[PDB]
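# Fold and geometry: a report
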Amino acid sequence: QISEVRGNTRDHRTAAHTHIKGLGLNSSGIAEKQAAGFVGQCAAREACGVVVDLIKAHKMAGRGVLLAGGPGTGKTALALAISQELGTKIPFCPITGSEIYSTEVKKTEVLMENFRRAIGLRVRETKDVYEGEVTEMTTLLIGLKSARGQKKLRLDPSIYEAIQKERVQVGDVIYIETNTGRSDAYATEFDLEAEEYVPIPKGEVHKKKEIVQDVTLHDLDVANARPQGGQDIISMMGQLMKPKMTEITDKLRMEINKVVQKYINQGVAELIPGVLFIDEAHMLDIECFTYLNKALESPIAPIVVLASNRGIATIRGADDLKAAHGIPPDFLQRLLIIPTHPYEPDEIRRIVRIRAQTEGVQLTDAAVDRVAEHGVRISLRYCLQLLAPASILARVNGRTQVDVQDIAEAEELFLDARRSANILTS
Amino acid sequence: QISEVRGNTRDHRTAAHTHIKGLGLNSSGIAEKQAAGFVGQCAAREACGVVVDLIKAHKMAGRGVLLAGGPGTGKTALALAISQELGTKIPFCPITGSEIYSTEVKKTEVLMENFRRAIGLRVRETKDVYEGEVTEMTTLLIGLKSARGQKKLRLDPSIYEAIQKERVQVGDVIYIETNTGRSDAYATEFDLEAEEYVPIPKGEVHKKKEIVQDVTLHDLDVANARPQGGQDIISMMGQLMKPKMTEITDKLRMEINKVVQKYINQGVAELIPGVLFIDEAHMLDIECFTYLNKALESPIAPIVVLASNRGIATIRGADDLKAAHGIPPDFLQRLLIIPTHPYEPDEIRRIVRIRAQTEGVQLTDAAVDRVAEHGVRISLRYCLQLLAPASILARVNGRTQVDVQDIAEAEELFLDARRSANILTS
Amino acid sequence: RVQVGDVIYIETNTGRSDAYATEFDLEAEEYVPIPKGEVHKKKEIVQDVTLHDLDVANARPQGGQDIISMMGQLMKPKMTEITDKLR
Amino acid sequence: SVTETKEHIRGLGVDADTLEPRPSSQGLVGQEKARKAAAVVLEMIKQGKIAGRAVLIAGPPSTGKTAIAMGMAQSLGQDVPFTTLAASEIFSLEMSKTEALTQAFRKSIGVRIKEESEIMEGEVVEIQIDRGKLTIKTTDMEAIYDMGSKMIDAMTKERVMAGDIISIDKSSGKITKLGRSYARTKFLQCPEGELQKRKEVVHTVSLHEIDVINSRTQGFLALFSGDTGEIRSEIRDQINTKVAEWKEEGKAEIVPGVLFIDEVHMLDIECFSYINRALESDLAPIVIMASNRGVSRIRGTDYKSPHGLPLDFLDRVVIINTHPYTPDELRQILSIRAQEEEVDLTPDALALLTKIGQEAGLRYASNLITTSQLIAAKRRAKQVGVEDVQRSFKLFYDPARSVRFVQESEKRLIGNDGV
Amino acid sequence: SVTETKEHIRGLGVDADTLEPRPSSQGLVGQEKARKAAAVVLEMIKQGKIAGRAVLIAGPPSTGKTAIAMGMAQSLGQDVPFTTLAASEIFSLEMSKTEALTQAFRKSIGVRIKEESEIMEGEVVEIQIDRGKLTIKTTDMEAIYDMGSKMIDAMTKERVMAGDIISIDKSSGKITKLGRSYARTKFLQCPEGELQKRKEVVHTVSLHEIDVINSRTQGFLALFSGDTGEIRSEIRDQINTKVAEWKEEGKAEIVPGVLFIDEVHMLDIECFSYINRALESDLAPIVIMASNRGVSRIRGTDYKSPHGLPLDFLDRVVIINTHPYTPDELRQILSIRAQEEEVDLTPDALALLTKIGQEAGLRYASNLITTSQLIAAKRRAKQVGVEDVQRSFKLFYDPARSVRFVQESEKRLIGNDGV
Ligand SMILES: Nc1ncnc2c1ncn2[C@@H]1O[C@H](COP(=O)(O)OP(=O)(O)O)[C@@H](O)[C@H]1O
Ligand SMILES: Nc1ncnc2c1ncn2[C@@H]1O[C@H](COP(=O)(O)OP(=O)(O)O)[C@@H](O)[C@H]1O
């Protein structure tokens, strides 16, 4: 298994929230309107602040958050801001309850994968090792060689007695742990293998390198799902390669955990739980919430933030029993429910300006008004989508700056969900 | 595997249509009333004519037929007439959608079996072979012997060099392909086996025989489902022998196809697709129609004729979605829908006369009127059944010619479905 | 099994061509090279050998050299290469 | 051999610089809003922040939404994979839902490489029909070639006949019309020298075709045997690693195509999960979906939404809409599909088919073309007239008349309503 | 040993030449329409174009439809298989639906062969009862024989007692009453010579019995052990091939019997598929079905039809109908079942049972016969009187009174309706 690993995050999901850099709160925990990328919604933000403070204070004993509000609200954005306020490089794993419905994977098998995406591993270890082939062994002076470079060392008696333990003589290839083998050159064409011959450390005689890396438990999983002799096909063509994903196995995960605990024991790495955000929480069933209940208890588990835009819904896995937001009582009990409000036209115009200046598409003040009226009529979701098409229709006849005529044609070329249906119904 | 095979067709199903010898159409494609066994229904017949012409013209690109009409109409009869008009010995496989509902076989496993019943194989090869034990080998004169008979041949140099290839000398048992081995006599009691000894061809020295046979893919399947050392139990006691039919296997079918393609390649046989007729089409589910869609595409597949007497029905395999005749849109799109009309009393009296003269039971002109009034009241199906019982009741007091008194008692001894229920309800 | 264009052999007295192979095929394959570099072959086989010359010639597999006639006795104590089945 | 990713319409019919749609050149007919909307989406895709989004095409049955998807596929370029899948075909006994979806997606992802091949180039002389044999020549030689079903299809698709200078790839069977020697479009002169030359050419094959090529060739009569159509994972793993190696090396380039899923309201929650997971890979193609429903149930749950998509999905999709063709457009479409089926209509005949197309739909009107052709033939009529379109209209019913007719057995009134 | 296909009624009670039914001789009682209808069907079967059709007997509960089926079975002849199956018994844990249906059908198909056996023939002297021992003699010797449950059943079924000249097949246990030596029907004289003789006789055994015979004998207390009752296919294959060989040779002849399925509305679509497939073999027996429902749901689907048969099935079946017995017929039936259970009734008693039979049904009235017998016995009464039939009527309720009585806990009125 390997320590250094690459991480391919699903950035498609936080692409509409690239302006959200935080919650934008005062020193006294009071929300500043139009700060940190946010605009209004001060109540929900200040509430998240208490959640972020409760987490850091460890007073968040086996509890979770639930964001209740309509579509256009800042539910997903708030969750993202929470992970940001919780520190640096904190794992954020946003999902929808509809994702766990998989053909070849159990609902909780999917949840478990996402928990791993929301559990980070901060590795801040500095490794200093003097390596190479031995040349001297004499107040103890030992020499080492590299591809280009040679160092003569000055050793204490304590190390030469620990060197007496390891199979070491001149000249062999050796490794040195500062804080805590036949060289390739002597190989004859007549030897072949099995062999004891290995190359000389190229091309440095020293190695005081600093290991700085942050990765999720899932980044480790996928990194070790490929054998030596193959490429990273899982993160290249994930779902497309085959129907069932048999590469990541149970034995492989527990080997990771076995390794992860080892790095922690050596004070080398700290595992930092992040934020698991689940939209459409009413889509989860009883067996899903039973798993989440166990998750809320563990000390080394990510904060579980749920979201729902349904007031009352049937508890899935129950006989037509309806409850608040589709959440069971046994689990709703452990949630701090934070309500998200809809936006005023001036709040919507501001958000559009922020998004447009981020895209970043330039548009007139009349255009912003037209795009915001769809933020009132339809969701804030739909109207924000109108920017791209209008910008294209402009640039094509550009007139690079977007106008009202452009948003006017765009709103007719690309209808929202409700319009498209009611028009087709007729 | 064997070439010559027997075929046991389910003639129970076309027993009520023994008078239907065709569609009875003019040279101009206009229906003649009371011709080819049919009586009226000229529109549906003329429509079938276009279908039969479209098929022969290969303009029937991935399409099928759907017969929409009530029970008493000529739906099954029309389909039978289609297969007849399509040529000689054309396979006709009538079924009901309720048949595919089997305990130990998947719905499409059943459909696939029936497709094989609707795919015929016309074999018109003439094999001429001079066989027997060699006696001479000398402008090349080779002799052969049989049980009773001996022939001396006159060979060309081309065959004696092809004979140089096969292990051949005097006197061995050999085979000769005109268009394209130790003899039993020399065996000693001391040899036993393994042996190279085989009998001399009895009892002809020649064999210019003509192979003329027409069979369905299913006739081949069952023929090879029995090993040498057993009888044809499958067509003797099909369903009764055991719960699950494990004799016909996948490997066995693909071996047939492998063989069938070989006979075709040698220009020996042509496989002729027939007519697969499926009643109660609304009984099929989405997975069934997905299979039928693939069938409609294949060039070597039987014409798929469907029938239904339901105007609107729920698409099985769909969430209470109702459509025309219970057929999905993706599939209904590929169908030429032909409507069948109910019959006038004079049309019904004629049909009864035709059926009775086929049974053939003789009955009075007053009897025919009474039997036809049940053809109006109840279906044409029920009233036609009344002939047998009345004929018996006559013959028993015969008075061999059937009268009204006989149909009168028969209609009271044997009620139709609707009567029997409503009487029992009370 | 013969059609155009396949690689074929002709016996005067008594198969997919390599050119049509695609990089996407790999194996198992039916592809073989075109006869290089003559379109004919009326060759005369003239050779005299002992039964032992045949034996040793087939004692080596494809992937090895003629070690038996290079270093006969020296290679190993027992000569297991020439077997009954082979003779 | 193999098959290249060319498996009618040449584009969206849109101004290259304005994105303003010329009505019928490419040619699509009408649906100018939907076609301009498509052009914008494409421009959004070609470069920008579209970022892994599906495209939903909603509209009445027998609109041009299926054709637009191909129109979108061509705008990306030839030898760019375009695969069409009816959502219900995902449900079968031949293979699981996950398998069918994998094949469909892998049919839309093309692997492109440069390799040598035996390509033909010559002037066609003759073409035959059966229940064929191509004669092709150069200024140096003439030859007769035999071919099967798959071959004759691609040629008639590329619109080829006697006098056309064409190009045939003997390794993939890719036909290409270069021009014309005389009139009966580019006036080219007859090719010189050898009829068959070995050249370095670009080959684009789908991931699925590669999977099929490296699998045991499907037996004759495969459909009517119980044989399943799934692909062994060991074979896919073999193909995946080599394609990944070729990409690293530089031998191969991945060409994301277009996957068009029709009647997408047939998919369940699990299908939409897959489609969501697939769109999250860089190799992912453009998923384009078409629905005929206004509002439908989300299969897998007891929730209803527009077109029957999960509310999560709808927030991600780009929605294009189509509308009922105008009578003029119908008349133009049916007249085109008539000459393509080789049917000579009377001005009245086409007029009635157009009126039929209005009342019953475009597909039904289209079906009546071939039936009318045969009726005219039985008559020996010189041209397909209205007398034939009318008679086929009385013989072959459309769905609406059919259900009404079958309902006619149990009728509800003579003087007044009864029940 | 084995068991022959004799597992009460001797026929339909019909004029041999007229098919006109004498009311009660065979004896069935009443149901003259249904019995004449049966005679016609049989004549249709015996030779003609019946061609693989099932028979449906519809009518109210406790009619004679079950008895008619046996009446139909006897008309075909003795040693012709008759098996009865309640449609619900098809659903169990002991065996699958397909298995139960196979056994039921194989129980109705008899294999007939000529083989030697040890048959007994003598005049009965004594018969005993337990919680038995047959004394039989000839003019040359006398003997005592022991026997078990299965044996004592067949004899009491054939109505045998002291003075009867009988015939016992030691290989199959088939009892046959030849006649009588004296009065206490054919007056035969006592058999001479050896009591046991080896003779060539016809043996008819079902395909299922053969299957059972060639299987590991069912263990004692088989029911209350978890032991399933299915038959190994390897055993069936063995029996099928040998029966097919015997038929080819001429040793064996197949004798299609009668399969009577009661409450056939319990079968699902899959059951009807099987029954349809079975009827398509030449070996297939006569399937006779009986329903108590007017209209029922077609189990396996959401469609309702008369008797709960698939609309396809109903078009193939021949429907016979039965009706409520007349009071005279009930009185005659109950009086017959009284002497068969050995109960001496009073003219009033029978009258009340008949009135009870009208109100609650024939089966219920029948149940009250034995309960009344025991009440009269506890009384030491010489004959079963009305005082006993009345007391048993107050003690043991029928279904209607029972449900009303249990509903009585939650009642709906005293002055008026309440709810
Ligand atoms: N208060 C806010 N300030 C700035 N942007 C906001 C605010 N609320 C929502 N948005 C933006 O509007 C869009 C709404 O999306 P989101 O917050 O995910 O909604 P949901 O409630 O459905 O989770 C996103 O682009 C988000 O960044
Ligand atoms: N036009 C017709 N001329 C002659 N016999 C007909 C005609 N129409 C129906 N019949 C006969 O009447 C009966 C009706 O059966 P069938 O055609 O199979 O009905 P269905 O519509 O249920 O398929 C059959 O015996 C059939 O041969």
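Looking at the method and resolution fields of the entry, one finds X-ray crystallography and 2.997 Å.

Moving on to the interface of chain D and chain A. Contacts between the two partners involve 66 residues from chain D and, on the opposite side, 46 residues from chain A. At the boundary of chain D with chain A, total buried surface from both sides reaches about 4,500 Å², with 61% on carbon and sulfur atoms. On the chain D side of the interface with chain A, the three residues burying the most area are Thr98, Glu280 and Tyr303 of chain D, jointly 13% of the side's total. Put simply, chain D and chain A have three salt bridges between them. Between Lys36 of chain D and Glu409 of chain A there is a salt bridge, and its shortest N-O distance comes to 2.4 Å. Connecting chain D to chain A are 15 residue pairs in polar contact. Of the residues forming the side of chain D that touches chain A, the biggest block, eight residues, is contributed by helix α6 (residues 233–249) of chain D. Along the lines of polarity and charge, the residues of the side of chain D that touches chain A split into 27 nonpolar, 18 polar and 21 charged.

On to the sheet that holds strand β10 (residues 208–216) of chain B, then. By way of backbone hydrogen bonds, the strands of a sheet pair with one another, either parallel or antiparallel. All names here are of chain B. Taken in spatial order, the three strands line up as β10-β3-β11 in an open sheet, and their pairing is antiparallel. Strand pairing shows two members of the sheet lacking a second neighbour, β10 and β11 (269–273), which therefore form its edges. Shown here is a sheet whose adjacent strand axes are inclined to one another by a mean of 10 degrees, direction ignored. Note that strand β3 (residues 119–128) and β11 share five bridges and pair antiparallel.

This part covers the pattern of salt bridges. Two side chains with opposite charge may pair up if their charged atoms get near one another. Under the counting rule described, the total for this entry stands at 76 salt bridges over all chains. The salt bridge involving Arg391 of chain D is made with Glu46 of chain B; its shortest N-O contact spans 2.8 Å. Here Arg391 of chain D, found in helix α12 (residues 386–395), pairs with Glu46 of chain B, found in helix α1 (residues 42–56), and the two come from separate chains. Note that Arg253 of chain B and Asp250 of chain B form a salt bridge whose closest N and O atoms lie 2.5 Å from each other. Taken together, the positions of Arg253 of chain B and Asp250 of chain B, both in helix α6 (residues 250–265) and three residues apart, correspond to about one turn of that helix. In this structure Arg253 of chain B comes out as buried when scored by relative accessible area, which is 10%. Since its relative accessible area comes to 32%, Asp250 of chain B is described here as partly exposed. Salt bridges here are not isolated pairs; linked through shared partners, they connect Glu99, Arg106, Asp211 and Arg236 of chain D.

Interface size, as often reported, equals the accessible area lost upon joining of the parts. By domain assignment, chain A separates into domain 1 (128–210) and domain 2 (345–425). Distance between the C-alpha centres of domain 1 of chain A and domain 2 of chain A: 67 Å.

Rules of the game
Residues numbered from 1 in each chain as written, not as in the entry; some residues may be left out. Chains lettered and ligands numbered in written order. Part of a larger assembly, values for the part shown. Heavy atoms only, no water. Contact = heavy atoms within 4.5 Å. Buried area = accessible area lost by both parts, 1.4 Å probe. Salt bridge = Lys/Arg side-chain N within 4 Å of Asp/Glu carboxyl O. Polar contact = N/O pair within 3.5 Å; in protein donor to acceptor, adjacent residues only side chain to side chain. Helix = DSSP H or I, 4+ residues; strand = E, 2+ residues; numbered from the N terminus. Nonpolar A, V, L, I, M, F, W, Y, C, P; charged D, E, K, R; others polar. Pairing = 2+ DSSP bridges. Axes fitted to C-alpha atoms, helices over the stretch in contact; angles between N-to-C directions. Buried < 20%, exposed > 50% of the residue type's maximum accessible area, 1.4 Å probe, protein only. Domains from an automatic or database assignment.

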